[PDB]
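Trainee: Numbering (the deposited numbering), first residue to last: 1 to 31. All C-beta atoms, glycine included, are put in the ideal place defined by N, C-alpha and C. Here you go, one structure.
This is the structure in structure tokens:
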């Protein structure tokens, strides 16, 4: 879960994102 201040990328944004952004969203899910 990558956090930019208070903006943490939701773990469940992956299907709303396209493949290349899902790659990071994978680490968003696990971090």
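Given residue 12, which residues of its chain have a CB within under 8 Å of its CB, disregarding the five upstream and five downstream residues?
Mentor: Your numbering for residue 12 matches position 12 in the chain shown. Here the set comprises 29.
Trainee: Beta carbon of residue 8, beta carbon of residue 17: below 9 Å?
Mentor: Taking the first residue of the chain shown as 1, we reach residue 8 at position 8. Taking the first residue of the chain shown as 1, we reach residue 17 at position 17. Cβ atoms of residue 8 and residue 17: not closer than 9 Å.
Trainee: To the nearest angstrom, how far is it from the Cα of residue 21 to the Cα of residue 14?
Mentor: Here residue 21 corresponds to residue number 21 of the chain shown, with the count starting at 1. Here residue 14 corresponds to residue number 14 of the chain shown, with the count starting at 1. C-alpha separation (whole angstroms): 8 Å.
Trainee: What residue range does the alpha helix (DSSP H) around residue 22 cover?
Mentor: Locating residue 22 in the chain shown gives position 22, where the first residue counts as 1. Its alpha helix (DSSP H) spans residues 19 to 30.
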